[PDB]
file my_file13.cif (mmCIF, C-alpha atoms and all ligand atoms)
data_coords
loop_
_atom_site.group_PDB
_atom_site.id
_atom_site.type_symbol
_atom_site.label_atom_id
_atom_site.label_comp_id
_atom_site.auth_asym_id
_atom_site.auth_seq_id
_atom_site.Cartn_x
_atom_site.Cartn_y
_atom_site.Cartn_z
ATOM 1 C CA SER A 1 29.558 5.897 -8.363
ATOM 2 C CA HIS A 2 28.298 2.961 -10.561
ATOM 3 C CA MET A 3 26.952 1.146 -7.396
ATOM 4 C CA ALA A 4 25.845 1.884 -3.776
ATOM 5 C CA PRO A 5 28.910 2.281 -1.402
ATOM 6 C CA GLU A 6 27.351 1.608 2.083
ATOM 7 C CA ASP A 7 24.507 2.741 4.440
ATOM 8 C CA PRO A 8 25.066 3.446 8.242
ATOM 9 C CA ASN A 9 21.671 1.818 9.107
ATOM 10 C CA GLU A 10 22.686 -1.581 7.520
ATOM 11 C CA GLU A 11 24.319 -2.627 10.869
ATOM 12 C CA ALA A 12 20.864 -2.297 12.535
ATOM 13 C CA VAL A 13 19.238 -4.361 9.688
ATOM 14 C CA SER A 14 21.926 -7.142 9.568
ATOM 15 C CA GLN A 15 21.481 -8.183 13.246
ATOM 16 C CA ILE A 16 17.719 -8.794 12.481
ATOM 17 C CA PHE A 17 18.068 -10.186 8.878
ATOM 18 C CA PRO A 18 21.479 -10.046 7.007
ATOM 19 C CA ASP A 19 22.126 -10.479 3.232
ATOM 20 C CA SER A 20 23.332 -14.126 3.764
ATOM 21 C CA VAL A 21 20.306 -15.798 5.549
ATOM 22 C CA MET A 22 16.703 -15.277 6.818
ATOM 23 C CA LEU A 23 17.872 -14.746 10.477
ATOM 24 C CA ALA A 24 14.361 -13.319 11.251
ATOM 25 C CA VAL A 25 13.080 -16.992 11.348
ATOM 26 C CA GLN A 26 15.029 -17.467 14.671
ATOM 27 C CA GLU A 27 15.581 -13.853 15.971
ATOM 28 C CA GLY A 28 13.176 -12.177 18.510
ATOM 29 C CA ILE A 29 13.053 -8.315 18.504
ATOM 30 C CA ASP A 30 12.432 -7.049 22.102
ATOM 31 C CA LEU A 31 9.883 -4.328 21.027
ATOM 32 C CA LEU A 32 9.117 -3.756 24.795
ATOM 33 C CA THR A 33 12.336 -1.578 24.784
ATOM 34 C CA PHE A 34 10.222 1.443 23.548
ATOM 35 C CA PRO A 35 9.665 4.468 25.935
ATOM 36 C CA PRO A 36 6.824 4.118 28.561
ATOM 37 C CA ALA A 37 3.872 6.500 29.241
ATOM 38 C CA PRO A 38 4.440 9.904 31.061
ATOM 39 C CA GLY A 39 2.507 8.506 34.122
ATOM 40 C CA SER A 40 0.614 5.385 35.395
ATOM 41 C CA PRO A 41 -1.695 4.424 38.387
ATOM 42 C CA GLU A 42 1.163 2.422 40.120
ATOM 43 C CA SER B 1 19.856 3.345 29.713
ATOM 44 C CA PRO B 2 20.428 -0.250 28.342
ATOM 45 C CA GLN B 3 17.270 0.156 26.123
ATOM 46 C CA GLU B 4 19.114 2.798 23.967
ATOM 47 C CA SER B 5 21.005 0.329 21.663
ATOM 48 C CA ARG B 6 17.817 -1.739 20.972
ATOM 49 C CA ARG B 7 15.584 1.378 20.455
ATOM 50 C CA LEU B 8 18.247 2.797 18.045
ATOM 51 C CA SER B 9 18.438 -0.542 16.105
ATOM 52 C CA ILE B 10 14.593 -0.529 15.756
ATOM 53 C CA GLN B 11 14.353 3.096 14.417
ATOM 54 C CA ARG B 12 17.444 2.617 12.116
ATOM 55 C CA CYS B 13 15.872 -0.490 10.466
ATOM 56 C CA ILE B 14 12.543 1.485 10.166
ATOM 57 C CA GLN B 15 14.314 3.978 7.806
ATOM 58 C CA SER B 16 15.125 0.904 5.609
ATOM 59 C CA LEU B 17 11.416 -0.161 5.906
ATOM 60 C CA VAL B 18 10.193 3.285 4.660
ATOM 61 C CA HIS B 19 12.849 3.299 1.848
ATOM 62 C CA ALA B 20 12.010 -0.239 0.574
ATOM 63 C CA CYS B 21 8.222 0.612 0.635
ATOM 64 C CA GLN B 22 8.749 3.703 -1.693
ATOM 65 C CA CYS B 23 11.888 2.611 -3.708
ATOM 66 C CA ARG B 24 11.247 3.013 -7.509
ATOM 67 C CA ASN B 25 13.383 -0.069 -8.494
ATOM 68 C CA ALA B 26 13.088 -3.660 -7.102
ATOM 69 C CA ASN B 27 16.822 -4.151 -8.097
ATOM 70 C CA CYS B 28 18.138 -1.252 -5.823
ATOM 71 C CA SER B 29 21.837 -1.806 -4.821
ATOM 72 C CA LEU B 30 21.499 -0.005 -1.395
ATOM 73 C CA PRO B 31 22.577 -2.682 1.237
ATOM 74 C CA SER B 32 19.672 -1.821 3.604
ATOM 75 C CA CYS B 33 17.076 -1.925 0.739
ATOM 76 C CA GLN B 34 18.521 -5.294 -0.495
ATOM 77 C CA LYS B 35 18.201 -6.801 3.052
ATOM 78 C CA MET B 36 14.657 -5.340 3.555
ATOM 79 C CA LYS B 37 13.463 -6.776 0.151
ATOM 80 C CA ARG B 38 13.806 -10.391 1.521
ATOM 81 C CA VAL B 39 11.482 -9.908 4.566
ATOM 82 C CA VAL B 40 9.098 -7.698 2.464
ATOM 83 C CA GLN B 41 8.824 -10.434 -0.258
ATOM 84 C CA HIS B 42 8.355 -13.042 2.553
ATOM 85 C CA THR B 43 5.461 -11.426 4.546
ATOM 86 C CA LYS B 44 3.464 -10.497 1.355
ATOM 87 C CA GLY B 45 3.420 -14.211 0.217
ATOM 88 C CA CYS B 46 3.718 -16.246 3.501
ATOM 89 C CA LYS B 47 0.796 -18.765 3.665
ATOM 90 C CA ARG B 48 1.217 -18.854 7.527
ATOM 91 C CA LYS B 49 2.276 -15.296 8.649
ATOM 92 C CA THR B 50 1.503 -13.766 12.116
ATOM 93 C CA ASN B 51 -2.018 -15.348 11.926
ATOM 94 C CA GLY B 52 -0.432 -18.886 11.972
ATOM 95 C CA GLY B 53 2.573 -17.887 14.213
ATOM 96 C CA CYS B 54 5.332 -17.285 11.553
ATOM 97 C CA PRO B 55 8.378 -15.617 13.301
ATOM 98 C CA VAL B 56 9.709 -13.742 10.155
ATOM 99 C CA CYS B 57 6.441 -11.841 9.491
ATOM 100 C CA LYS B 58 6.249 -10.974 13.260
ATOM 101 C CA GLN B 59 9.800 -9.441 13.230
ATOM 102 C CA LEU B 60 8.811 -7.191 10.261
ATOM 103 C CA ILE B 61 5.407 -6.222 11.801
ATOM 104 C CA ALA B 62 7.095 -5.384 15.191
ATOM 105 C CA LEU B 63 9.010 -2.524 13.434
ATOM 106 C CA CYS B 64 5.842 -1.542 11.473
ATOM 107 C CA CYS B 65 4.097 -1.292 14.911
ATOM 108 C CA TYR B 66 6.889 0.913 16.425
ATOM 109 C CA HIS B 67 6.701 3.114 13.272
ATOM 110 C CA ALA B 68 2.834 3.380 13.296
ATOM 111 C CA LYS B 69 2.819 4.159 17.098
ATOM 112 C CA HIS B 70 4.662 7.463 16.351
ATOM 113 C CA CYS B 71 3.340 8.003 12.734
ATOM 114 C CA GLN B 72 0.263 10.108 11.699
ATOM 115 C CA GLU B 73 0.297 10.201 7.811
ATOM 116 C CA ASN B 74 -3.158 8.950 6.578
ATOM 117 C CA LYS B 75 -1.511 7.672 3.268
ATOM 118 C CA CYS B 76 1.953 6.485 4.548
ATOM 119 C CA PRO B 77 3.924 4.328 1.950
ATOM 120 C CA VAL B 78 4.399 1.460 4.520
ATOM 121 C CA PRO B 79 1.458 -1.028 3.961
ATOM 122 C CA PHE B 80 1.223 -2.269 7.601
ATOM 123 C CA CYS B 81 1.535 1.295 9.090
ATOM 124 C CA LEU B 82 -2.061 2.436 8.274
ATOM 125 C CA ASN B 83 -3.497 -0.932 9.492
ATOM 126 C CA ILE B 84 -1.689 -0.604 12.878
ATOM 127 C CA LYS B 85 -2.796 3.129 13.128
ATOM 128 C CA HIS B 86 -6.445 1.962 12.745
ATOM 129 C CA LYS B 87 -5.912 -0.952 15.269
ATOM 130 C CA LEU B 88 -4.401 1.426 17.917
ATOM 131 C CA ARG B 89 -7.686 3.484 17.886
ATOM 132 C CA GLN B 90 -9.626 0.307 18.922
ATOM 133 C CA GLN B 91 -7.440 -0.014 22.111
ATOM 134 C CA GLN B 92 -8.610 3.420 23.484
HETATM 135 ZN ZN ZN C 101 16.052 0.986 -2.642
HETATM 136 ZN ZN ZN C 102 6.182 -15.851 7.187
HETATM 137 ZN ZN ZN C 103 3.764 5.642 8.834
#
call {"tool": "encode", "arguments": {"input": "my_file13.cif", "output": "structure tokens", "more": "lines below"}}
Ligand SMILES: [Zn+2]
Ligand SMILES: [Zn+2]
Ligand SMILES: [Zn+2]
result
Amino acid sequence: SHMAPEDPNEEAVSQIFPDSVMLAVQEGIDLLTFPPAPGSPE
Amino acid sequence: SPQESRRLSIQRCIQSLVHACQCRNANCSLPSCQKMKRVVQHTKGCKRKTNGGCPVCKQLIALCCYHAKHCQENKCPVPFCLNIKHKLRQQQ
């Protein structure tokens, strides 16, 4: 209990920017993946 | 639904964003907080940032945008959140 064991969300952080390097300088998050509007003109 | 894995990765990292923006100790041993601290310390001091085209700052702000899109707290601990909330109102 003297230190933090783990965190389930760290796998989602690591693929963007891990503890080892600033991977965010070369990575590109596809934010467009979010849910669309309930309707559009189409 | 191939968007599920990416959407889940975004919202999972956003819990780490909220944590690191309210965390009472800069030395926190929580793996997610430790990882977040690097990008947080970068964007607050980057002489280029999103204004000059810096990719790091953009990756952080993309998650701040996803957060702010769904958020509504007028005093949210995330610094970028409130700015994005105000910017979204200009798009209407
Ligand atoms: Zn922490
Ligand atoms: Zn930067
Ligand atoms: Zn917020």
call {"tool": "residues_near_ligand", "arguments": {"input": "my_file13.cif", "ligand": "ligand ZN 103 (chain C)", "cutoff": "9 Å", "atoms": "all atoms listed in the file", "output": "CSV table (one decimal) with C-alpha atoms, keeping the file's coordinate frame"}}
result
chain,number,residue,atom,x,y,z
B,18,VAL,CA,10.2,3.3,4.7
B,64,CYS,CA,5.8,-1.5,11.5
B,67,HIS,CA,6.7,3.1,13.3
B,68,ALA,CA,2.8,3.4,13.3
B,69,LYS,CA,2.8,4.2,17.1
B,70,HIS,CA,4.7,7.5,16.4
B,71,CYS,CA,3.3,8.0,12.7
B,72,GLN,CA,0.3,10.1,11.7
B,73,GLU,CA,0.3,10.2,7.8
B,74,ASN,CA,-3.2,9.0,6.6
B,75,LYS,CA,-1.5,7.7,3.3
B,76,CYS,CA,2.0,6.5,4.5
B,77,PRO,CA,3.9,4.3,2.0
B,78,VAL,CA,4.4,1.5,4.5
B,79,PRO,CA,1.5,-1.0,4.0
B,80,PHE,CA,1.2,-2.3,7.6
B,81,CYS,CA,1.5,1.3,9.1
B,82,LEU,CA,-2.1,2.4,8.3
B,85,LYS,CA,-2.8,3.1,13.1
call {"tool": "residues_near_ligand", "arguments": {"input": "my_file13.cif", "ligand": "ligand ZN 102 (chain C)", "cutoff": "6 Å", "atoms": "only C-alpha atoms and all ligand atoms", "output": "JSON, numbers by chain"}}
result
{"B": [42, 43, 46, 48, 49, 54, 56, 57]}
call {"tool": "residues_near_ligand", "arguments": {"input": "my_file13.cif", "ligand": "ligand ZN 101 (chain C)", "cutoff": "12 Å", "atoms": "only C-alpha atoms and all ligand atoms", "output": "VMD selection string"}}
result
(chain A and resid 3 to 4 7) or (chain B and resid 15 to 37)
call {"tool": "resolve_selection", "arguments": {"input": "my_file13.cif", "expression": "the PyMOL selection byres (((chain A and resi 14-31) around 8) and not hetatm)", "output": "NGL selection string"}}
result
(:A and (10-13 or 32-34)) or (:B and (6 or 34-36 or 38-39 or 54-56 or 59 or 62-63 or 66))
call {"tool": "atom_distance", "arguments": {"input": "my_file13.cif", "atom1": "CA of residue 38 (chain A)", "atom2": "CA of residue 8 (chain B)"}}
result
20.3 Å
call {"tool": "decode", "arguments": {"input": "my_file13.cif", "residues": "region 31-52 of chain B", "atoms": "N, CA, C and O atoms", "output": "PDB file, in the first residue's frame"}}
result
ATOM      1  N   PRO B  31      -0.104   5.689 -12.162  1.00  0.00           N
ATOM      2  CA  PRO B  31       0.453   5.608 -13.522  1.00  0.00           C
ATOM      3  C   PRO B  31      -0.174   6.560 -14.546  1.00  0.00           C
ATOM      4  O   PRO B  31       0.537   7.186 -15.333  1.00  0.00           O
ATOM      5  N   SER B  32      -1.500   6.700 -14.520  1.00  0.00           N
ATOM      6  CA  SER B  32      -2.235   7.593 -15.422  1.00  0.00           C
ATOM      7  C   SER B  32      -1.924   9.070 -15.149  1.00  0.00           C
ATOM      8  O   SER B  32      -1.688   9.819 -16.096  1.00  0.00           O
ATOM      9  N   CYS B  33      -1.862   9.477 -13.874  1.00  0.00           N
ATOM     10  CA  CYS B  33      -1.508  10.827 -13.429  1.00  0.00           C
ATOM     11  C   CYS B  33      -0.070  11.151 -13.878  1.00  0.00           C
ATOM     12  O   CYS B  33       0.161  12.151 -14.562  1.00  0.00           O
ATOM     13  N   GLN B  34       0.889  10.257 -13.583  1.00  0.00           N
ATOM     14  CA  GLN B  34       2.290  10.369 -14.007  1.00  0.00           C
ATOM     15  C   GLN B  34       2.420  10.645 -15.514  1.00  0.00           C
ATOM     16  O   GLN B  34       3.123  11.570 -15.924  1.00  0.00           O
ATOM     17  N   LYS B  35       1.740   9.852 -16.351  1.00  0.00           N
ATOM     18  CA  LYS B  35       1.730  10.007 -17.816  1.00  0.00           C
ATOM     19  C   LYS B  35       1.103  11.343 -18.233  1.00  0.00           C
ATOM     20  O   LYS B  35       1.689  12.062 -19.040  1.00  0.00           O
ATOM     21  N   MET B  36      -0.048  11.710 -17.658  1.00  0.00           N
ATOM     22  CA  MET B  36      -0.738  12.981 -17.925  1.00  0.00           C
ATOM     23  C   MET B  36       0.127  14.209 -17.589  1.00  0.00           C
ATOM     24  O   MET B  36       0.147  15.178 -18.350  1.00  0.00           O
ATOM     25  N   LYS B  37       0.865  14.178 -16.469  1.00  0.00           N
ATOM     26  CA  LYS B  37       1.755  15.259 -16.007  1.00  0.00           C
ATOM     27  C   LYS B  37       2.716  15.743 -17.097  1.00  0.00           C
ATOM     28  O   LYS B  37       2.906  16.950 -17.219  1.00  0.00           O
ATOM     29  N   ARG B  38       3.278  14.847 -17.922  1.00  0.00           N
ATOM     30  CA  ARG B  38       4.180  15.207 -19.036  1.00  0.00           C
ATOM     31  C   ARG B  38       3.498  16.130 -20.049  1.00  0.00           C
ATOM     32  O   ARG B  38       3.982  17.236 -20.281  1.00  0.00           O
ATOM     33  N   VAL B  39       2.380  15.705 -20.646  1.00  0.00           N
ATOM     34  CA  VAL B  39       1.642  16.529 -21.628  1.00  0.00           C
ATOM     35  C   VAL B  39       1.089  17.818 -21.013  1.00  0.00           C
ATOM     36  O   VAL B  39       1.133  18.865 -21.658  1.00  0.00           O
ATOM     37  N   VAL B  40       0.630  17.777 -19.756  1.00  0.00           N
ATOM     38  CA  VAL B  40       0.149  18.956 -19.009  1.00  0.00           C
ATOM     39  C   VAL B  40       1.280  19.981 -18.845  1.00  0.00           C
ATOM     40  O   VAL B  40       1.104  21.149 -19.194  1.00  0.00           O
ATOM     41  N   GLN B  41       2.457  19.558 -18.368  1.00  0.00           N
ATOM     42  CA  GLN B  41       3.650  20.409 -18.233  1.00  0.00           C
ATOM     43  C   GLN B  41       4.152  20.929 -19.594  1.00  0.00           C
ATOM     44  O   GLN B  41       4.691  22.034 -19.665  1.00  0.00           O
ATOM     45  N   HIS B  42       3.952  20.169 -20.678  1.00  0.00           N
ATOM     46  CA  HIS B  42       4.313  20.573 -22.036  1.00  0.00           C
ATOM     47  C   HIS B  42       3.416  21.732 -22.498  1.00  0.00           C
ATOM     48  O   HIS B  42       3.909  22.843 -22.695  1.00  0.00           O
ATOM     49  N   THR B  43       2.108  21.499 -22.676  1.00  0.00           N
ATOM     50  CA  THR B  43       1.184  22.513 -23.219  1.00  0.00           C
ATOM     51  C   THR B  43       1.169  23.848 -22.458  1.00  0.00           C
ATOM     52  O   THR B  43       1.042  24.907 -23.077  1.00  0.00           O
ATOM     53  N   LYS B  44       1.351  23.839 -21.124  1.00  0.00           N
ATOM     54  CA  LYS B  44       1.386  25.083 -20.323  1.00  0.00           C
ATOM     55  C   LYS B  44       2.645  25.945 -20.531  1.00  0.00           C
ATOM     56  O   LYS B  44       2.636  27.117 -20.151  1.00  0.00           O
ATOM     57  N   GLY B  45       3.714  25.391 -21.118  1.00  0.00           N
ATOM     58  CA  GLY B  45       4.996  26.074 -21.362  1.00  0.00           C
ATOM     59  C   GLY B  45       5.461  26.128 -22.826  1.00  0.00           C
ATOM     60  O   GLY B  45       6.392  26.880 -23.129  1.00  0.00           O
ATOM     61  N   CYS B  46       4.847  25.356 -23.729  1.00  0.00           N
ATOM     62  CA  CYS B  46       5.176  25.286 -25.151  1.00  0.00           C
ATOM     63  C   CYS B  46       5.066  26.661 -25.838  1.00  0.00           C
ATOM     64  O   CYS B  46       3.991  27.271 -25.918  1.00  0.00           O
ATOM     65  N   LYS B  47       6.209  27.165 -26.323  1.00  0.00           N
ATOM     66  CA  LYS B  47       6.343  28.457 -27.020  1.00  0.00           C
ATOM     67  C   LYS B  47       5.726  28.455 -28.430  1.00  0.00           C
ATOM     68  O   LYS B  47       5.619  29.517 -29.049  1.00  0.00           O
ATOM     69  N   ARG B  48       5.306  27.284 -28.930  1.00  0.00           N
ATOM     70  CA  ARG B  48       4.670  27.059 -30.237  1.00  0.00           C
ATOM     71  C   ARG B  48       3.175  26.770 -30.080  1.00  0.00           C
ATOM     72  O   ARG B  48       2.359  27.524 -30.616  1.00  0.00           O
ATOM     73  N   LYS B  49       2.832  25.689 -29.369  1.00  0.00           N
ATOM     74  CA  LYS B  49       1.488  25.137 -29.134  1.00  0.00           C
ATOM     75  C   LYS B  49       0.606  25.036 -30.386  1.00  0.00           C
ATOM     76  O   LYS B  49       1.084  25.137 -31.519  1.00  0.00           O
ATOM     77  N   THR B  50      -0.697  24.812 -30.214  1.00  0.00           N
ATOM     78  CA  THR B  50      -1.675  24.692 -31.314  1.00  0.00           C
ATOM     79  C   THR B  50      -1.695  25.916 -32.238  1.00  0.00           C
ATOM     80  O   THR B  50      -1.929  25.772 -33.438  1.00  0.00           O
ATOM     81  N   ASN B  51      -1.389  27.109 -31.711  1.00  0.00           N
ATOM     82  CA  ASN B  51      -1.283  28.361 -32.466  1.00  0.00           C
ATOM     83  C   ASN B  51      -0.198  28.289 -33.564  1.00  0.00           C
ATOM     84  O   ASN B  51      -0.412  28.771 -34.679  1.00  0.00           O
ATOM     85  N   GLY B  52       0.949  27.666 -33.264  1.00  0.00           N
ATOM     86  CA  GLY B  52       2.075  27.463 -34.184  1.00  0.00           C
ATOM     87  C   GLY B  52       2.089  26.095 -34.885  1.00  0.00           C
ATOM     88  O   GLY B  52       2.934  25.866 -35.752  1.00  0.00           O
TER      89      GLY B  52
END
